[PDB]
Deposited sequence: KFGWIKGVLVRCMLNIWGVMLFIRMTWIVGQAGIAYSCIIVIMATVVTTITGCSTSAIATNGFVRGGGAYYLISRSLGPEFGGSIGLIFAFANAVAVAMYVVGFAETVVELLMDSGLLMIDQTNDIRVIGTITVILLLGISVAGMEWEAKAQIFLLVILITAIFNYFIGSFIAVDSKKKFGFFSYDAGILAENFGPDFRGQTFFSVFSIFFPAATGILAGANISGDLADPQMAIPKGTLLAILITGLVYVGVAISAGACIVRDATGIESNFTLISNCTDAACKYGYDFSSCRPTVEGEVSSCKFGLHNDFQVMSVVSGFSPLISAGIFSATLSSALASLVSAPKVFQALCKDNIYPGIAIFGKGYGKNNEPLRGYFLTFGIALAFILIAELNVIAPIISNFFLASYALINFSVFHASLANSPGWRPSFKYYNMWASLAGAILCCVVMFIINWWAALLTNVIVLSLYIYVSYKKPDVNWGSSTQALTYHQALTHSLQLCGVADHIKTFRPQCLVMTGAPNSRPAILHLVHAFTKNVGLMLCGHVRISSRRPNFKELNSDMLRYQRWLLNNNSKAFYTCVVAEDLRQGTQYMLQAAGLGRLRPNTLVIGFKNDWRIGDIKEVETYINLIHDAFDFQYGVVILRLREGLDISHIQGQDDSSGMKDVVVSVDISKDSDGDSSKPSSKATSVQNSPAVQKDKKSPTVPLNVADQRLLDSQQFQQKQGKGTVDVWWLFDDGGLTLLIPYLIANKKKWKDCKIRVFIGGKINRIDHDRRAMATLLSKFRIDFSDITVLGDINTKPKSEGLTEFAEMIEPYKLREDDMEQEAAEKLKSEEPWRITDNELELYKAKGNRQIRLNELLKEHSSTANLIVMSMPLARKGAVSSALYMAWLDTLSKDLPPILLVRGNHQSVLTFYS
């Protein structure tokens, strides 16, 4: 658990200081000037400072523990950005391994050719030595990670003594080091090297070789689970290492340009002052002409100086072979820090199953779950690029991919500050979103100036990887590590949904379904899944009827189990379990306390209870008063009834019930639905069949809108209903008007209905009313104003509508029927249940429905 120095600053300084510090800093002052190379260093420092502020803005957005480089970006921002940043950054480190070990092998090859050892040609010995040192770094990565955390301060004190040896060796004018270039600090060599030469390169061709010397700044953010306090450790160490390394780069460029000439023959001259005919700032007796190129379209056939030999810092240095062999400390550290950092990002990326096929590079073998397949993939990508045994073609690829990664980071923090992402509050003092936009545009434009077709390929790939993660299914076991953003999104969307204008008032029918346990009664789940499918809100209520000692402990586990079952099938429904001693006071909990904000259930849809006369006659009072508790909260009451019941508890008629309970989700809609618009203030009675008719399962549904009308004028009433049907855009005009209602209600069925309520001539479980009978009357069966004195017409109309249902709606899928409402108290519950059961005697799957008559058709605008 390191501090900020040993955990961030030392790692970032060892990662930044790499190949170009000793190998290629003098060549950059050779090609460009001192002024242009300083402009190059300031440009790279601006890019990496803006990216350091964006990384510090990410690192201070909470989310400390269980960190890394992929983790912070993927948790603060979305998966769509973080997956592409992880892939591009992993590939950038994988290709950078090759660059660092190619620089190491080139240094070893030139030190070998300074002796007599030479096996094959020069460009093949780099492949041999680079292959040998990449199979040796992989073994250190997969077998020796323990000593590496102690070795890094030793590598840093080798490297800083190398830098100090070069810087104090420049001040010592040696006459033996003349003819290799390197006179003392002179004004003539300062003025001569002020201004570009560009002997085969250009600006933005020299810059693309420098820019790998500025990368490696995310080596402090690559350990957030090994830091003490990351929100203080990362912005100090990263933004201080950038300053220190950039200042050392500026000092090396200015010091190399002011003491070494651009070309030099390695032959000493006896003169101390040359003959006065050259004036090329070499007044120490060296004539360095006939070493510059003749034409302006070729490289020089010289061998020393700033342009030619690539190793002049070992000449300038006070002690060459051992202190300025900190190149072996600079390259081999950085390559190693890029060999352990690409499979880390790629294994954290393959544990969230964002991209489909790459998920086999996450199985970490061993005790630490080190990704060995990721190490072998990184070894393959590095060894493919090693065989291009030339630094000046590998380095622009590294610059392209790291510039793409840094532009993605800056654009992602800009876009998250712009969009007001819900979990995005970057408490960092020097973060600005417009600076991040400027840095992203700068990296993208420079990436196109360096090479336009490589940049176009990279941007097309990143755009494809963004659009793929945007439009892909949000189901479970897909990227489930990123979960804390979904909570804040679901909270802020509901917080915006609760606040709208007070004069819009869209209807959007919500519904709670008294279904019991959701694995039981599946037909009502499929039928209230038919309508309110990405249209409204569905809700499954379940009242547990345990009276004494309710098992409050196992309610949460059973709720989570039932919700996981309901999510494992196709359903857009939530689940609410309450616990009471009966059904009515149990559903009183969910009538007036369900939902949050505007996601409250509007209508109540229940099933019909067929077993009301078979046994337990008490609970009928719990069932009708429920409806009388549903009509008082201005809800909508929907009753569903099949030919047989829905309560499934598991042979011939049992299989008939089990097959009728799943008659919707698997079958089709061959056969017409038909509504019966009888009440004018129904409302929802027409919204329901239009919603259930526009579905995949329902195509062959001719909505036969029936309406009881005036008997005198049967001509224009159907036109006045047809314009309302055109207003509701249900798009059918098969309207049939009836006039034979309440005429002669089939007295042989009147004798069936009168013998139905014959044991209930005194009302059901009304012990107060029954004991209040005896204080006025002795014969009990004389109160009939409640029962049949004032409501002959209601019962006659109910049985007449039953006969019309049997006649006109013989073959049908559903029947949307307006539900008869009677005022409570004056009408008993048993009489009302008798009317509802005689209205829907042995029909097809009818649907009694009565709305709140507040306002409809505000839906669909």
query: Unmodelled intervals of the deposited chain, in order; finding: 651-703
